[PDB]
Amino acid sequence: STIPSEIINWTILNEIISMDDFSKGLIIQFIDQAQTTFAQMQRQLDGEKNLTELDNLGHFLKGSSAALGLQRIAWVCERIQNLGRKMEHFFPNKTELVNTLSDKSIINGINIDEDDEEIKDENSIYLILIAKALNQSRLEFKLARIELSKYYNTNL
């Protein structure tokens, strides 16, 4: 399927919240895990270029993001995995993807490219697309943070 329109699947997150500090704590763990994972993906892109490890990293963040209902992040992760398995060889651009958002106003007053990184063989095509998706994931992560922050009345 394509990317979900909504940053948060409240049907999923509400289950976690019904168990409430717990959920906020869990969201903070997530946020740290994401930052690590992205930094690991980047390292792979600029260094070893192991598609198999990029697949693995995507697998890991997918599981976390999906469980918290951060379904757009989860979707990008799944694309990263497919790109890394060489099953896909396209990835949409940032404008196209943000144009599917259920509430596009969340983007007013932010540079959607703010967190972009770049890098520099069959594998080049895929590596480049994974780089592109990683940049997408960084934006999706920031948007998720913005929404979660507004819900918890605190900067996460």
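Basically, rigid core = biggest C-alpha set you can superpose within 1.5 Å across the two forms. Residue indices: 1-based, along the sequence shown.
Remark: when the other structures in 5 other deposited structures of this protein are fitted onto this one via the rigid core, 103-111 deviates more than the alternative among 61-69 and 103-111, judged by RMS CA distance.
After superposing on the rigid core, the larger RMS C-alpha deviation in 5 other deposited structures of this protein belongs to 11-19, the other candidate being whichever of 11-19 and 131-139 remains. Unmodelled stretch separating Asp20 from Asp21: 4 to 9 residues (count of deposited-sequence residues without coordinates). In the deposited entry, the stretch joining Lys120 to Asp121 is interrupted by 4 to 9 residues of the deposited sequence lacking coordinates.
Looking at mean Cα B-factors across 110-118 and 22-30, the upper value is held by 110-118. Checked against the record, the higher mean CA B factor of 134-142 and 8-16 lies with 8-16. In this structure the maximum Cα B-factor among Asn56, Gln40, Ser124, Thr100 is found at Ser124. Per the PDB record, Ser105 has a higher Cα B-factor than any other of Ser105, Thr36, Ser64, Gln44.
Compared with the other modelled residues of the chain, the Cα B-factor recorded for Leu51 ranks in the middle third.
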